[PDB]
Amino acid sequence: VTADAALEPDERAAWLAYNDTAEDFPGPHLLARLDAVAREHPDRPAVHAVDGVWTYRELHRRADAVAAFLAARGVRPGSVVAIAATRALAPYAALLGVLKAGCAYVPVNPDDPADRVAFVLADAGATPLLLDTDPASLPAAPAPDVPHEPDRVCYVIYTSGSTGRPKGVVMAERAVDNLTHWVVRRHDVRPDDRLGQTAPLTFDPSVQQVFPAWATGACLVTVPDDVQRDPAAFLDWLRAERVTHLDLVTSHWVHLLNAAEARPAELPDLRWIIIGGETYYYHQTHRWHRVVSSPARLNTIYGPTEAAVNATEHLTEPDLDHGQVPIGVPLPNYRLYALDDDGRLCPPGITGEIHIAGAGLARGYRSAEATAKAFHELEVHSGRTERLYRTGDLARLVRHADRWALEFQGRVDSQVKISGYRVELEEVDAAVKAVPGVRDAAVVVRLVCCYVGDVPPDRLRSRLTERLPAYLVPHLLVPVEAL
């Protein structure tokens, strides 16, 4: 009957202890806390972008203007509004002003190919009003009278794992509030802190930096694109900007480790890197704490976008030098289960598919089919029927120090990741094959491309950036005669 039916008491007890995660957080809802910070700290810097710094007063003023504009053009609460994700100031007033309108923002990269932007507008139900006009130069205005309704939708963020099947994750306020409380409390975020935003706003780790900043009075510091590509300049930039909290995907951090081994760094202001996405190992994290002088602790996380950025966490020990780092214990009010093909809860030590429950779950996808294939109800213990999200990820429950912990084990469809983004090998093969003049193409991750045909690698470069996002156009494009 139940998913734990076959377990012995000791094995069922391990799972019960692991998911003993309930925590009640105080204060009003998320947006209200953001407004209280604007009242308490109007003169503090709230966002530091590439074209300037905005105080909390200016940020909420500009956001107010955005929300009044949206009301003036018939955008009622519960609508979805696109915002141009850039590294400038404008997008922050856009996304905040959308939220004050009682709406949800869908982040769009304006450099992305137009065909993919059109899909996202259509699938999100999103108006492009704020893509067509400059959100920061809208006429000043008070915010409109939007009542507070509980668990409103905050964002639709797109995950592009399946080719021709981008999925729009719909995320509501309780999940984002719960995440924000965790980030602030777990990492001791304070008004004087400076939170780096490495992820663009199209990638949900930006969420984990922006709202904990704005819910505390800390400063959100967006990491400029030219700085992120150069691991050396990035390390210098973290010191010059006195960043206290940073987000990275595992592969990006490995680059920083390489750049740190070549030129060891002092980062006295850094207290936290929240890092995750791919499996990594204690011999790497030991190497890091060797060439980096810093109080920064590494917080390894795991989580799909479908469960509000992060679902598990592990404080990474700097003494250990061997073995795989575990993804750790669930975030507050999260609950995770390792299930087999049959839906039975795996004994400790046995690899299963992660299903996620609790306060972090999306409402679902915009697509009904995708929602029905991934969210489901299961009675996992006697008397506990969970709404679950089926991740596609494998993990086992292990003993790590005094605690039960999950250890990541792979995927069921094991696709590759590039700069933290799940992508299929077969989409970049079809994209270069579809360039008229090119023929066969093989793409390997070393992202390198070998293709047959007489399109010089410059004209191919130009045709690919018009078709693919900037992160899927291969780093090398080598013309070859046969495969």
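Position 1 is the first residue in the sequence shown; the rest follow in order.
- The records show that residue 209 is included in the coordinate set of every other eligible entry of this protein, so it is not omitted in a third of them.
- Among other compared entries that model residues flanking residue 163, a third or more give it no coordinates.
- Where coordinates are absent for parts of the deposited sequence, a chain break appears; between neighbours residue 446 and residue 447 it spans 4 to 9 residues.
- The question of which stretch, 14 to 22 or 464 to 472, has the higher mean Cα B factor is settled in favour of 464 to 472.
- For the pair 65 to 73 and 437 to 445, the mean B factor over Cα atoms is greater in 437 to 445.
- When the Cα B-factors of 402, 115, 123, 247 are read from the PDB record, 402 comes out highest.
- Within the selection 218, 320, 154, 315, the deposited Cα B-factor values reach their highest point at 320.
- The PDB entry assigns residue 162 a C-alpha temperature factor belonging to the highest third of its chain's modelled residues.
- Residue 349: CA B factor in the highest third of modelled residues in this chain (values from the PDB entry).
- When the modelled residues of the chain are ordered by their C-alpha B factor, residue 305 lands in the lowest third.
- Among all modelled residues in this chain, the alpha-carbon of residue 380 has a temperature factor (C-alpha) in the highest third.
- Among all modelled residues in this chain, the alpha-carbon of residue 198 has a temperature factor (C-alpha) in the lowest third.
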